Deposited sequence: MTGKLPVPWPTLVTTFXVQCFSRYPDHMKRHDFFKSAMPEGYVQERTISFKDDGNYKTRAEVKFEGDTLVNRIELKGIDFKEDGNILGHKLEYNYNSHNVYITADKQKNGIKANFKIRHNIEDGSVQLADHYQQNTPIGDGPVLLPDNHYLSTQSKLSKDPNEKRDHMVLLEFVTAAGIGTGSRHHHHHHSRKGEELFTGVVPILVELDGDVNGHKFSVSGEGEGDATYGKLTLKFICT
């Protein structure tokens, strides 16, 4: 793998976030299902290169799949990314979501703080836009945030280069007086997430001409804002 695993966490399914009852009317991600959404990002590593990503997230039968292309350029050979100088861990923080009326979707920007091995912080500035694939109605949200927590681990019986990921995501930032206390909204999309959903993730990448692929498997339980994924280089 040509880059540190933590640098890919954000790229490797926000439809698995927990939206409590009063906020379900703001859940763009599930509302776009099963047709899905396109997710695009620029990720700018301070003093280093950038990733640009395009993904389609949708249902194929009973499976939520996230297929990604990533292009990374302008990285330093001996910088924190290509030189693998980032600790294997991950900071919890809040991702703020706003509607993007023009693309019938959402945007977000947020900064990830990556610990550097024997140094300070490598910042990764994220710009994100999401657009529905289908033409059906979607839920465009009021401003809110996703409180996102991520634990990184290893499988002691896995010989391949890999990452195990446990994530918990809960929406917040809207109070119960919002929209005159009205919870009502269409449950289309949302109803597909009431139980445990299998996930496939597949990525093709090229970072400074180093080409690689990753596959990931696991499951999501949105009732608990819970995701479990294991990723391997392929």
- Note on the structure: In sequence order, the deposited stretches missing their CA atoms are 1-4, 17
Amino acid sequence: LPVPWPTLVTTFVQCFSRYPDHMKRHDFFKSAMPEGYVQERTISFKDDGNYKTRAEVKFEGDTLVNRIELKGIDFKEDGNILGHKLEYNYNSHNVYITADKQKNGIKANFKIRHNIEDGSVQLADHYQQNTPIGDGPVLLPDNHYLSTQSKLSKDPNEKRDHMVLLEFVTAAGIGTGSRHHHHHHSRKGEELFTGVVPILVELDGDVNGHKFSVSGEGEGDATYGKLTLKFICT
From here on, numbers count along this sequence of modelled residues.
- The stretch carrying the higher mean Cα B factor in the deposited entry, 144-152 or 70-78, is 70-78
- Item | Per the entry, higher mean C-alpha B factor between 44-52 and 182-190 | 182-190
- Query: Ranked by Cα temperature factor within the chain, is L8 in the lowest third, the middle third or the highest third?
  - Reply: lowest
- Task: Report the third (lowest, middle or highest) to which the CA temperature factor of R113 belongs, ranking only the modelled residues of the same chain.
- Result: lowest
- Task: Ordered by C-alpha B-factor within the chain, which third holds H210? Give me lowest, middle or highest, please.
- Result: highest
- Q128, C-alpha B-factor rank within chain (lowest, middle or highest third): lowest
- Ranked C-alpha temperature factor of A172 among modelled chain residues, by third: middle
